[PDB]
Number of protein chains: 2
Amino acid sequence: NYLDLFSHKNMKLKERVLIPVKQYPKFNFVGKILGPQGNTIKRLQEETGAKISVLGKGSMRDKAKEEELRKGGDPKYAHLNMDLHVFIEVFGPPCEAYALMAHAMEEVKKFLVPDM
Amino acid sequence: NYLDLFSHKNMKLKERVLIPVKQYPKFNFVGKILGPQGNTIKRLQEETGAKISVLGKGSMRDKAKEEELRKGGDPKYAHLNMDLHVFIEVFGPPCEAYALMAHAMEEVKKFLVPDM
């Protein structure tokens, strides 16, 4: 469409960011992002105002539970075939939607490139 | 697609931002953005690392030249039917393409919402 700076309806922005395991062979990304019992990624979302979730091959870490669930074919576990990644979604007023997503990308970069 | 944080090939991002003339009845937006013979929007681009251009009904300010060019139907003047807007385009490495466009949006907000 067009972007209207004074629009009351929010636009969405979405990104699937690969988790660079190739580049960090011994780094437990998945662990770090999620945290002691769900609490990190919880505050990460609270802090960014975005929806962030980890998805794809290796996201439960547990090759079995993933094979079971994949093979179960429940649609919700669809993502389990995909490369491991972080799925960032914002829903924001046009005047700030880019700000939101960029902030969110920053915060997430901190995890995915941890020696930045 | 997917977003790769360690990718050498740049992604593009584009936005068409309406210039809110209804909201600022007596404000010469077009003038301000372009400047003394082209120099503002020139630095704006230099500073953001983005491609920024003003387009649509009123972007020359000159009802005649616009009628002539519209009716001339040269494809380049296509935009002359559209609402007046700023067209922001970035071409950037994935790890910072969002940063770039958000910065650029901010800089442009500065012009389009001038009393903010």
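Would you point out the residue of region A:16-30, among those that are within 14 Å of chain B (Cβ to nearest Cβ) and either in contact with a helix residue (DSSP H, G or I) (Cβ under 7 Å, 6 or more places away or on another chain) or assigned to a helix (DSSP H, G or I) (or both), that is surrounded by the most Cβ atoms within 10 Å (Cβ to Cβ)? Here the answer is A:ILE19. Close Cβ contacts (under 8 Å, 6 or more residues apart or on different chains) running from residues in region A:66-94 that are closer than 18 Å to B:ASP4 by Cβ to residues that are part of a helix (DSSP H, G or I) and aromatic (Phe, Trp, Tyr) comprise A:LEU84/A:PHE29; A:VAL86/A:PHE111.
Evaluating B:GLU15 against the criteria (1) free of Cβ contacts under 8 Å to residues at least 12 places away in the same chain; (2) closer than 18 Å to A:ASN1 by Cβ; (3) in contact with a strand residue (DSSP E or B) (Cβ under 9 Å, 6 or more places away or on another chain) leaves one unmet condition, (1). Scanning region A:69-100 for residues that are among the charged types (D, E, K, R), surrounded by fewer than 12 Cβ atoms within 10 Å (Cβ to Cβ) and in a helix (DSSP H, G or I) yields a total of 2.
Checking each residue in region A:31-51 for being within 24 Å of A:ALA102 (Cβ to Cβ) and touching a residue at least 24 places away in the same chain (Cβ under 8 Å) picks out A:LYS32, A:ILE33, A:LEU44, A:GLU47, A:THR48, A:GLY49, A:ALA50, A:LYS51.
Yes or no: A:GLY58 more than 10 Å from chain B (Cβ to nearest Cβ) and assigned to a helix (DSSP H, G or I)? Taking the combined requirement at face value, the residue does not satisfy it. Quick check on A:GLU106: is it surrounded by 14 or more Cβ atoms within 10 Å (Cβ to Cβ) and among the acidic types (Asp, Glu)? Here the answer is yes, as A:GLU106 does meet what is asked. Taking region B:31-48 on its own, how many of its residues are more than 11 Å from the chain's Cα centre (by Cα) and more than 14 Å from chain A (Cβ to nearest Cβ)? The qualifying residues number 12.
Of the listed requirements (1) over 30 Å from A:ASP83 (Cβ atoms); (2) within 14 Å of another protein chain (Cβ to nearest Cβ), B:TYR2 misses just one: (1).
Every condition in (1) more than 11 Å from every other protein chain (Cβ to nearest Cβ); (2) under 30 Å from A:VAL17 (Cα atoms); (3) touching a strand residue (DSSP E or B) at 6+ places or on another chain (Cβ under 7 Å) holds for B:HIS79 except the one numbered (2).
State which residue is farthest from the other protein chains (Cβ to nearest Cβ) when the search covers only region B:5-15 and only residues that are hydrophobic (A, V, I, L, M, F, W, C) and part of a strand (DSSP E or B). The extreme case among them is B:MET11. Residues that are touching an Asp or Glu at 6+ places or on another chain (Cβ under 7 Å) and closer than 13 Å to A:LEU84 by Cα within region A:17-65 comprise A:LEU18, A:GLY56, A:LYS57, A:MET60, listed in sequence order.
Here, each number is a calculation from the coordinates, and none is a lab measurement. Cβ sites come from the backbone with ideal geometry, for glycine too, and all protein chains shown count toward neighbours.
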